[PDB]
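Step one of this worksheet: look at the structure below.
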Amino acid sequence: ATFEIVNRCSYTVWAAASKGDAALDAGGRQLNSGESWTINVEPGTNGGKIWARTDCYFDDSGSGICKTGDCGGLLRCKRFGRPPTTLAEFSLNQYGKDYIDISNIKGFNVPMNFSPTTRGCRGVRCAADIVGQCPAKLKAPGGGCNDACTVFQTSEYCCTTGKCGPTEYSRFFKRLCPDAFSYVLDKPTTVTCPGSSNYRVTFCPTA
């Protein structure tokens, strides 16, 4: 599958692509404002994630730091990024279907459109100003809006027992982005695509 990753933000992001135990394609790259990065994701990729990182410093070997979505200080992510991270999530060729979603379960740093570039299902979008509106106790100092599970580390927010409900914090994310996961047991906003669909992830799709 091809993912085109486009930075429509006015600021530089460092795209990341990981399935949690491995990079997808190169796993990470600097995107200046307007730059496009095409990756190939293996068919059958289960639990793929794409995210943006903000305010990165990388030295010559690709080691450094980001204020949001840092993945063990690497330019080329092998692991998931540190919250807050708006997540493009995908499982490809799962019994002849692709499953895509956006999640705020790991919070929100960068607005995001996640759309197929092939036919047969709709894209999803979380492009509201969640950082600007972010409740005071979820505000990440480095930028972005933490989920309540990252901040408070409770069973209710992290859904540790596999039982929990929506919360004041989950409902803030859900109110601003109905089409994204707000908490672990949120009514699914998963979109079903045809197997071997191609995708565009756009950072700042409206800004």
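Here, A, B, ... name the chains of the structure tokens in the order displayed, residue numbers run from 1 inside each chain, and ligands are numbered from 1 in the same displayed order.
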Would you mind listing, for every residue of segment 35-99 of chain A within 10 Å of segment 136-152 of chain A, the two atoms forming the shortest contact and the distance between them in Å to one decimal, using only C-alpha atoms, sorted by chain and ascending residue number, as JSON lines?
{"residue": "A:54", "atom": "CA", "partner": "A:143", "partner_atom": "CA", "distance": 8.1}
{"residue": "A:55", "atom": "CA", "partner": "A:142", "partner_atom": "CA", "distance": 8.5}
{"residue": "A:66", "atom": "CA", "partner": "A:142", "partner_atom": "CA", "distance": 8.7}
{"residue": "A:67", "atom": "CA", "partner": "A:142", "partner_atom": "CA", "distance": 4.9}
{"residue": "A:68", "atom": "CA", "partner": "A:142", "partner_atom": "CA", "distance": 6.7}
{"residue": "A:69", "atom": "CA", "partner": "A:144", "partner_atom": "CA", "distance": 9.9}
{"residue": "A:82", "atom": "CA", "partner": "A:150", "partner_atom": "CA", "distance": 9.6}
{"residue": "A:83", "atom": "CA", "partner": "A:146", "partner_atom": "CA", "distance": 6.4}
{"residue": "A:84", "atom": "CA", "partner": "A:146", "partner_atom": "CA", "distance": 4.9}
{"residue": "A:85", "atom": "CA", "partner": "A:144", "partner_atom": "CA", "distance": 7.9}
{"residue": "A:86", "atom": "CA", "partner": "A:144", "partner_atom": "CA", "distance": 9.2}
Interatomic distance, atom CA of residue 90 of chain A to atom CA of residue 200 of chain A (Å, one decimal): 12.1 Å
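With atom CA of residue 27 of chain A on one side and atom CA of residue 178 of chain A on the other, the separation reads 28.5 Å.
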Distance query residue 3 of chain A at most 6 Å, only C-alpha atoms, self and fewer than 2 positions along chain excluded, as an MDAnalysis selection string: chainID A and resid 38:39 199:200
Point-to-point distance in Å for atom CA of residue 126 of chain A and atom CA of residue 191 of chain A: 13.8 Å
Residue neighbourhood segment 118-124 of chain A, 7 Å, only C-alpha atoms, exclusion window fewer than 6 positions, as a PyMOL selection string: chain A and resi 101-102+179+192-194+197-198
How about saving the chosen residues, N, CA and C atoms kept, as a PDB file, in the first residue's frame?
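The resulting file, result-v1.pdb, is reproduced below:
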ATOM      1  N   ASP A 101      -8.509   4.498  11.050  1.00  0.00           N
ATOM      2  CA  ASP A 101      -9.191   5.437  11.976  1.00  0.00           C
ATOM      3  C   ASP A 101      -8.238   6.586  12.302  1.00  0.00           C
ATOM      4  N   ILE A 102      -8.790   7.677  12.843  1.00  0.00           N
ATOM      5  CA  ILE A 102      -7.974   8.607  13.673  1.00  0.00           C
ATOM      6  C   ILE A 102      -8.287   8.359  15.153  1.00  0.00           C
ATOM      7  N   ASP A 179     -15.237  12.170  14.906  1.00  0.00           N
ATOM      8  CA  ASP A 179     -14.843  11.090  13.965  1.00  0.00           C
ATOM      9  C   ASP A 179     -13.524  10.443  14.432  1.00  0.00           C
ATOM     10  N   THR A 192     -14.181   1.135   7.217  1.00  0.00           N
ATOM     11  CA  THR A 192     -13.849  -0.086   6.435  1.00  0.00           C
ATOM     12  C   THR A 192     -13.513   0.295   4.981  1.00  0.00           C
ATOM     13  N   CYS A 193     -12.273   0.064   4.525  1.00  0.00           N
ATOM     14  CA  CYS A 193     -11.885   0.184   3.092  1.00  0.00           C
ATOM     15  C   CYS A 193     -11.728  -1.186   2.440  1.00  0.00           C
ATOM     16  N   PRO A 194     -11.777  -1.233   1.083  1.00  0.00           N
ATOM     17  CA  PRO A 194     -11.295  -2.392   0.330  1.00  0.00           C
ATOM     18  C   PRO A 194      -9.850  -2.735   0.690  1.00  0.00           C
ATOM     19  N   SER A 197      -6.277  -0.736  -0.500  1.00  0.00           N
ATOM     20  CA  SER A 197      -6.502   0.711  -0.712  1.00  0.00           C
ATOM     21  C   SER A 197      -5.162   1.433  -0.551  1.00  0.00           C
ATOM     22  N   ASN A 198      -5.041   2.614  -1.163  1.00  0.00           N
ATOM     23  CA  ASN A 198      -3.907   3.544  -0.901  1.00  0.00           C
ATOM     24  C   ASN A 198      -4.468   4.725  -0.112  1.00  0.00           C
TER      25      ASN A 198
END
Distance criterion (only C-alpha atoms): nearest to residue 172 of chain A out of A:88, A:131, A:110, A:13: A:131
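Here the question is which of A:128, A:23, A:92, A:17 gets nearest to residue 49 of chain A using only C-alpha atoms, and that residue is A:17.
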Minimum-distance residue to residue 204 of chain A, chosen among A:59, A:98, A:21, A:129 (using only C-alpha atoms): A:129
Counting only C-alpha atoms, the residue of A:161, A:113, A:32, A:167 that sits nearest residue 15 of chain A: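 Distance minimum relative to residue 15 of chain A lands on A:32.
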All residues 12 Å or closer to residue 156 of chain A, only C-alpha atoms, same chain fewer than 6 positions away omitted, as number ranges by chain: A: 148-150, 162-170, 183-185
Let me see the file: selected residues, C-alpha atoms, as a PDB file, in the first residue's frame.
ATOM      1  CA  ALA A 148      -6.469  11.805  30.545  1.00  0.00           C
ATOM      2  CA  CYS A 149      -4.862   8.287  30.704  1.00  0.00           C
ATOM      3  CA  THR A 150      -1.291   9.659  29.984  1.00  0.00           C
ATOM      4  CA  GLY A 162     -11.589  -3.453  29.939  1.00  0.00           C
ATOM      5  CA  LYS A 163     -14.574  -1.742  31.671  1.00  0.00           C
ATOM      6  CA  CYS A 164     -14.891   2.069  31.734  1.00  0.00           C
ATOM      7  CA  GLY A 165     -17.042   4.901  30.439  1.00  0.00           C
ATOM      8  CA  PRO A 166     -16.635   8.237  28.715  1.00  0.00           C
ATOM      9  CA  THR A 167     -15.185  10.975  30.980  1.00  0.00           C
ATOM     10  CA  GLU A 168     -15.196  14.795  31.081  1.00  0.00           C
ATOM     11  CA  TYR A 169     -11.748  14.508  29.358  1.00  0.00           C
ATOM     12  CA  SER A 170     -12.758  11.914  26.660  1.00  0.00           C
ATOM     13  CA  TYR A 183     -11.234   6.669  24.814  1.00  0.00           C
ATOM     14  CA  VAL A 184     -10.441   2.893  24.575  1.00  0.00           C
ATOM     15  CA  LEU A 185     -14.161   1.756  24.533  1.00  0.00           C
TER      16      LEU A 185
END
Residues of segment 37-187 of chain A in strand (DSSP E or B), written as a PyMOL selection string: chain A and resi 37-40+48-51+54+57-58+63-65+68+74+87-94+97-103+108+112-116+124-126+139+145+180-181
File of the preceding selection, N, CA and C atoms, as a short mmCIF file (atom, residue, chain, number, x, y, z; two decimals), in the first residue's frame:
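Heads up, here's the output in part-v2.cif:
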data_model
loop_
_atom_site.label_atom_id
_atom_site.label_comp_id
_atom_site.auth_asym_id
_atom_site.auth_seq_id
_atom_site.Cartn_x
_atom_site.Cartn_y
_atom_site.Cartn_z
N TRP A 37 5.73 13.07 1.44
CA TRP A 37 6.61 11.89 1.62
C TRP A 37 5.80 10.62 1.34
N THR A 38 6.15 9.91 0.27
CA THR A 38 5.43 8.68 -0.12
C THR A 38 6.12 7.49 0.55
N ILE A 39 5.40 6.73 1.39
CA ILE A 39 5.97 5.45 1.93
C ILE A 39 5.21 4.26 1.33
N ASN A 40 5.90 3.12 1.25
CA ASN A 40 5.26 1.80 0.97
C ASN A 40 5.10 1.07 2.31
N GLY A 48 -0.58 -0.65 12.18
CA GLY A 48 0.24 0.46 11.67
C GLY A 48 -0.20 1.78 12.29
N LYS A 49 0.75 2.69 12.54
CA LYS A 49 0.38 4.05 12.99
C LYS A 49 1.24 5.07 12.26
N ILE A 50 0.60 6.16 11.83
CA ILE A 50 1.31 7.38 11.35
C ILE A 50 0.98 8.55 12.27
N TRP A 51 2.00 9.33 12.61
CA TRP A 51 1.82 10.56 13.41
C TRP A 51 2.84 11.61 12.99
N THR A 54 6.59 17.31 16.54
CA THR A 54 6.86 18.78 16.51
C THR A 54 8.16 19.10 17.27
N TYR A 57 14.94 18.19 17.22
CA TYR A 57 16.39 18.34 16.93
C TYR A 57 16.96 16.95 16.69
N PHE A 58 17.55 16.73 15.50
CA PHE A 58 18.32 15.51 15.15
C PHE A 58 19.74 15.93 14.75
N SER A 63 19.75 10.86 15.72
CA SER A 63 19.43 10.81 17.17
C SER A 63 19.20 12.23 17.69
N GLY A 64 18.23 12.38 18.59
CA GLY A 64 17.80 13.70 19.05
C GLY A 64 16.56 13.65 19.90
N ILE A 65 15.68 14.64 19.73
CA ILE A 65 14.49 14.78 20.61
C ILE A 65 13.37 15.55 19.90
N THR A 68 6.75 16.64 20.91
CA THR A 68 5.61 15.68 20.78
C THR A 68 5.97 14.50 19.88
N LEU A 74 14.73 8.83 18.11
CA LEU A 74 15.14 8.50 16.71
C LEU A 74 14.34 9.33 15.68
N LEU A 87 -3.24 10.23 16.07
CA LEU A 87 -2.80 8.96 15.43
C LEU A 87 -3.64 8.68 14.18
N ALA A 88 -2.99 8.54 13.01
CA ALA A 88 -3.58 7.75 11.88
C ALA A 88 -3.33 6.26 12.14
N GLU A 89 -4.39 5.45 12.26
CA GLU A 89 -4.25 4.01 12.62
C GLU A 89 -4.79 3.16 11.48
N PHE A 90 -4.07 2.08 11.16
CA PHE A 90 -4.47 1.19 10.06
C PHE A 90 -4.06 -0.26 10.33
N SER A 91 -4.97 -1.16 9.94
CA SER A 91 -4.74 -2.61 9.76
C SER A 91 -5.18 -2.98 8.32
N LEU A 92 -4.23 -3.52 7.52
CA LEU A 92 -4.41 -3.66 6.05
C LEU A 92 -4.62 -5.14 5.70
N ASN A 93 -5.48 -5.44 4.70
CA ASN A 93 -5.67 -6.83 4.20
C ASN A 93 -6.07 -7.75 5.37
N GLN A 94 -7.02 -7.30 6.19
CA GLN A 94 -7.58 -8.09 7.34
C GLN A 94 -8.87 -8.74 6.83
N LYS A 97 -10.24 -6.77 3.90
CA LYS A 97 -10.58 -5.35 4.22
C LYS A 97 -9.37 -4.60 4.82
N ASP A 98 -9.27 -3.30 4.51
CA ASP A 98 -8.46 -2.32 5.29
C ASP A 98 -9.35 -1.70 6.39
N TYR A 99 -8.78 -1.47 7.57
CA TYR A 99 -9.42 -0.70 8.67
C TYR A 99 -8.53 0.52 8.96
N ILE A 100 -9.09 1.72 8.78
CA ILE A 100 -8.42 3.00 9.13
C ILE A 100 -9.21 3.73 10.23
N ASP A 101 -8.51 4.50 11.05
CA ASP A 101 -9.19 5.44 11.98
C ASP A 101 -8.24 6.59 12.30
N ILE A 102 -8.79 7.68 12.84
CA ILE A 102 -7.97 8.61 13.67
C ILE A 102 -8.29 8.36 15.15
N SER A 103 -7.24 8.41 16.00
CA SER A 103 -7.42 8.27 17.46
C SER A 103 -6.86 9.50 18.19
N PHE A 108 -3.52 14.56 21.37
CA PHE A 108 -3.58 15.35 20.12
C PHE A 108 -2.44 16.36 20.12
N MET A 112 -5.27 16.52 11.60
CA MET A 112 -4.96 15.38 10.70
C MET A 112 -6.19 14.97 9.90
N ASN A 113 -5.97 14.85 8.58
CA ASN A 113 -6.88 14.13 7.66
C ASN A 113 -6.23 12.79 7.30
N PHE A 114 -7.02 11.71 7.39
CA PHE A 114 -6.63 10.35 6.96
C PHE A 114 -7.64 9.84 5.94
N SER A 115 -7.31 9.91 4.64
CA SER A 115 -8.21 9.58 3.49
C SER A 115 -7.60 8.52 2.56
N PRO A 116 -8.46 7.66 1.97
CA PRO A 116 -8.02 6.80 0.87
C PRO A 116 -7.83 7.70 -0.37
N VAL A 124 -11.35 10.09 7.23
CA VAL A 124 -11.69 10.65 8.56
C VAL A 124 -10.79 11.84 8.81
N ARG A 125 -11.24 12.69 9.72
CA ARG A 125 -10.61 14.00 9.98
C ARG A 125 -10.82 14.37 11.45
N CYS A 126 -9.72 14.78 12.07
CA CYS A 126 -9.70 15.49 13.36
C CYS A 126 -8.85 16.75 13.15
N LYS A 139 -3.00 20.00 29.18
CA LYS A 139 -2.03 20.77 28.35
C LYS A 139 -0.64 20.16 28.55
N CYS A 145 -2.08 18.39 23.47
CA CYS A 145 -3.17 18.10 24.42
C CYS A 145 -3.16 16.61 24.80
N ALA A 180 -13.02 10.80 15.61
CA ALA A 180 -11.83 10.11 16.19
C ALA A 180 -12.19 9.33 17.47
N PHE A 181 -11.47 8.23 17.76
CA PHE A 181 -11.52 7.57 19.11
C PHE A 181 -11.17 8.57 20.22
#
